[PDB]
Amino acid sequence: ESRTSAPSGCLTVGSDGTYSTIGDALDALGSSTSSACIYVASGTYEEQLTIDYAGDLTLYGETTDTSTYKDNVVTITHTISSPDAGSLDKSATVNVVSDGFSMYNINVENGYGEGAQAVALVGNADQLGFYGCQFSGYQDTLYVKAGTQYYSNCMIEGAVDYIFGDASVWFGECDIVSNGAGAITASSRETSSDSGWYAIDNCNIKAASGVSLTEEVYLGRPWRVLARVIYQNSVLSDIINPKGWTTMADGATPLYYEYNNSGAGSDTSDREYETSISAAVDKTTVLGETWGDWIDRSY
């Protein structure tokens, strides 16, 4: 589908919309628990946002093709590092603390670059769905902090711990793009009672164009001692170090898995820190039995 005007009932943001900024449309929602939506027309929006709406909010970006992130024309950008902002969350260009939030075809970036942690988006709520979005940074790009989250046909770009936190999160058909040496995931799963996983499924892991990172990228390292991550049914380019995984938390006992991956970085013979698994995990394991209620199936 093309989405070139506001879907039914949505507030409009843009040069020729009701609101000039995304923040103004968010503010206009006020204190309601009704479901709502906002359509954002093409543009670069220099804004830092907290999504804390009480109801179920959907944020749609304009695009000629909703099925991909590649034609996105809406970018939300802001630049600050966590040392300057005061916390990881306060560094985020977009901070999602509203359950049931969905975002379609929007690009989110932190323009800080290499040198310190600078979050593009923090997901800190349950039943979060992201479809055809881009998330760009260097260190700590995508803070999957907590809650059940689903990313489909997204582009996640970074270098150092650029998917990190304790969300239970499923990445499907995403392009995961390294723009520097480092570990892709940094799960903070920390106790046995924590039922969370990161699952990277039918994804494509590769270098950013123009950057040579042969064997300089790790699938992950453990931010806390019980980090749990599986890469399955995915393509891994030659960026992946033969060891696969590296270290971080002292005394870590990570649960790190690979299943049915292909590509030049998919040879497992020299891996370290892995555990055997005989089948891929499913979304019921990662997100719970109710995932069919909130995930956009039609997408």
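Start at 1 and count along the sequence shown; that's the residue number.
Trainee: Would 177-185 or 205-213 have the larger average of its C-alpha temperature factors, as given in the entry?
Mentor: Here the higher of the two C-alpha B-factor means belongs to 205-213.
Trainee: Hey, which bit's got the bigger mean C-alpha B factor in the entry, 249-257 or 52-60?
Mentor: Mean C-alpha B-factor is greater for 52-60.
Trainee: Highest Cα B-factor in the deposition, which of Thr93, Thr148, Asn153, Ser193?
Mentor: If I rank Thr93, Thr148, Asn153, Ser193 by C-alpha B-factor, first place goes to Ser193.
Trainee: Would you mind checking which of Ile106, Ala159, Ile80, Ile200 has the top Cα temperature factor in the PDB entry?
Mentor: The C-alpha B-factor peaks, among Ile106, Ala159, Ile80, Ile200, at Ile80.
Trainee: Lowest, middle or highest third: where is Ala85 by C-alpha B factor in its chain?
Mentor: It falls in the top third of the chain.
Trainee: Which third of the chain does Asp166 land in by C-alpha B-factor: lowest, middle or highest?
Mentor: CA B-factor rank for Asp166: lowest third.
Trainee: Which third, lowest, middle or highest, does the C-alpha temperature factor of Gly220 belong to within its own chain?
Mentor: Lowest third - that is where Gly220 ends up once the chain's C-alpha B-factors are sorted.
Trainee: Which third, lowest, middle or highest, does the C-alpha temperature factor of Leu29 belong to within its own chain?
Mentor: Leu29: CA B-factor falls in the highest third of its chain.
Trainee: Per the entry's values, where does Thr44 land by CA temperature factor relative to the rest of its chain, in the lowest, middle or highest third?
Mentor: Middle third - that is where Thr44 ends up once the chain's C-alpha B-factors are sorted.
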